[PDB]
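Here's the structure we're looking at; comments come further down.
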Amino acid sequence: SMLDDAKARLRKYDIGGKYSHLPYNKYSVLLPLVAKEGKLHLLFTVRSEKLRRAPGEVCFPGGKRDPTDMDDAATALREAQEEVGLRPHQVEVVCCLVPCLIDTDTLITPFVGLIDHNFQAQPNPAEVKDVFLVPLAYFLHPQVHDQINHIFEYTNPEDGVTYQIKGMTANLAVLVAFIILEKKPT
Ligand SMILES: O[C@H]1C[C@H](c2ccccc2)[C@H]2C[C@@H]3CNC[C@]31N2
């Protein structure tokens, strides 16, 4: 099936815990895959304007590891719960993608999660101003804008609202799209 196909593809890129013990400042993100109308979508947040770190940007759910987290996956799930109300039984963490190095002293670990069909996001307004879905296929033929430096623009056909997606967030979205959708019969 579509969801089993996705999982089996994603597993071939799983690095596991290989890089998880290194002495970095640690941050995790969740890449939430949602099935809707026969197709895969990714879920994104718009960060609250009132935050000190990264106000108003399009990001995946995530945040800084804390002493309670058993591992880097736990960080990603804790933060998704706090931001959009995603509960543990509503998500299956399928793999850990390549981590991103930043600022010489920081390591960001991405996990891909399959989201239960009865989940409905409850944006927490102290953390997140908006939550929206983008079809995974979009990231193979995106609408690109040069700020000269590449930014994606996505317009939701439901309401005509446009979102800007860039940086690490846009890089990871393209990666997941290639993994899952490259070389498939139609
Ligand atoms: O997901 C975090 C991770 C990064 C970070 C986190 C902490 C310190 C430096 C850099 C930067 C890039 C990402 C884009 N949206 C938000 C975001 N911010």
Side-chain angles (χ1 to χ4, degrees), residues 1-45 58-65 69-81 83-84 86-102 106-119 121 131-144 150-152 154 165-186:
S1 65
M2 159 174 62
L3 279 149
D4 289 18
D5 283 345
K7 278 177 256 213
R9 275 156 169 271
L10 291 160
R11 285 175 198 129
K12 300 182 202 296
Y13 300 84
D14 186 17
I15 77 148
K18 197 163 278 185
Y19 287 71
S20 63
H21 317 290
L22 296 163
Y24 278 109
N25 295 314
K26 292 172 78 41
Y27 190 114
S28 305
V29 292
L30 183 71
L31 280 43
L33 277 178
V34 177
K36 214 178 152 290
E37 309 194 333
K39 300 163 346 163
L40 296 167
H41 300 73
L42 282 164
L43 182 157
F44 298 84
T45 67
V58 179
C59 303
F60 292 115
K64 192 169 162 63
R65 174 162 178 175
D69 296 318
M70 287 291 274
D71 59 18
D72 290 320
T75 305
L77 302 181
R78 184 171 52 72
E79 301 276 344
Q81 190 161 359
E83 293 173 37
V84 306
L86 184 74
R87 278 152 77 199
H89 68 98
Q90 302 184 114
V91 53
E92 190 194 347
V93 172
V94 164
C95 68
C96 171
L97 294 173
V98 288
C100 311
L101 299 170
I102 165 81
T106 304
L107 185 88
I108 296 155
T109 310
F111 298 87
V112 183
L114 312 180
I115 302 307
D116 185 70
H117 77 297
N118 295 130
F119 170 73
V131 176
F132 67 101
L133 299 179
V134 182
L136 193 60
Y138 171 84
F139 297 99
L140 307 177
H141 294 293
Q143 191 188 300
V144 184
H150 310 309
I151 288 170
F152 297 162
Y154 174 74
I165 312 185
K166 69 206 79 171
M168 186 195 78
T169 303
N171 299 338
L172 293 169
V174 171
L175 177 59
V176 170
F178 293 164
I179 288 169
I180 289 168
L181 301 179
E182 79 177 330
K183 295 176 208 150
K184 274 218 294 195
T186 52

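Only heavy atoms go into these numbers, but all of them, side chains included; no hydrogens, no water, no symmetry mates. Numbers here simply count residues along the sequence, with the first being 1.
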Within this structure, what is the [atom1]-[atom2] distance for the pair [X] and [Y], rounded to the nearest 0.5 Å?
| X | Y | atom1 | atom2 | value |
| --- | --- | --- | --- | --- |
| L181 | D5 | CG | CG | 10.5 Å |
| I102 | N25 | CD1 | CG | 11.5 Å |
| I165 | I151 | CD1 | CD1 | 11.0 Å |
| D14 | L97 | CG | CG | 8.0 Å |
| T109 | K18 | OG1 | NZ | 14.0 Å |
| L136 | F178 | CG | CZ | 11.0 Å |

Could you work out, with side chain to side chain contact (heavy atoms under 4.5 Å, CB included) as the rule, every residue matching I115, not counting sequence neighbours?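 Per chain and number, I115 pairs via side chain to side chain contact (heavy atoms under 4.5 Å, CB included) with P32, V34, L86, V91, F119.
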Output all residues satisfying side chain to side chain contact (heavy atoms under 4.5 Å, CB included) with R9, sequence neighbours left out; order by chain, then residue number.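 Expected list: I179, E182, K184.
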Is any side-chain heavy atom of [X] closer than 4.5 Å to a side-chain heavy atom of [Y]?
| X | Y | result |
| --- | --- | --- |
| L133 | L42 | no |
| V176 | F139 | no |
| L175 | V98 | yes |
| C100 | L172 | yes |
| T169 | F60 | yes |

Of the non-hydrogen atoms in [X] and [Y], which two are nearest, and what is the gap between them?
| X | Y | answer |
| --- | --- | --- |
| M70 | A74 | N-CB, 3.9 Å |
| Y154 | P135 | OH-CD, 3.4 Å |
| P99 | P110 | CA-CD, 3.9 Å |
| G38 | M2 | O-SD, 3.4 Å |

Could you walk me through whether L101 and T106 pass the side-chain contact (heavy atoms from CB on, under 4.5 Å) test, one step at a time? CA-CA 6 Å; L101 299 170; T106 304; over 6 Å; no
Please walk me through it: do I180 and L40 pass side-chain contact (heavy atoms from CB on, under 4.5 Å)? CA-CA 9 Å; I180 289 168; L40 296 167; 3.8 Å; yes
Within residues 72-81 or reaching into it, pairs that qualify as side chain to side chain donor-acceptor pair (under 3.5 Å) - sequence neighbours excluded: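 Of all non-adjacent pairs touching residues 72-81, those that pass side chain to side chain donor-acceptor pair (under 3.5 Å) are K26-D72, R65-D72, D69-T75, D69-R78.
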Verify the neighbour count for atom NE2 of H141: are there more than 12 heavy atoms of other residues, nucleotides or ligands below 6.0 Å?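 12 or below, so no.
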Exceeds 12 heavy-atom contacts within 6.0 angstrom, atom OH of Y19: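 No - once you tally the heavy atoms of other residues, nucleotides and ligands closer than 6.0 Å, there are 12 at most.
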Go through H41 and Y138 one step at a time and tell me if the side-chain contact (heavy atoms from CB on, under 4.5 Å) criterion holds. CA-CA 9 Å; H41 300 73; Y138 171 84; over 6 Å; no
Please check: side-chain N/O of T45 versus main-chain N/O of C59, any donor-acceptor pairing under 3.5 Å?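 Checking the backbone N and O of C59 against the side chain of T45, a donor-acceptor pair under 3.5 Å is found.
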Checking side-chain contact (heavy atoms from CB on, under 4.5 Å) for the pair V29/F111: CA distance, chi angles, key distance, verdict? CA-CA 6 Å; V29 292; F111 298 87; over 6 Å; no
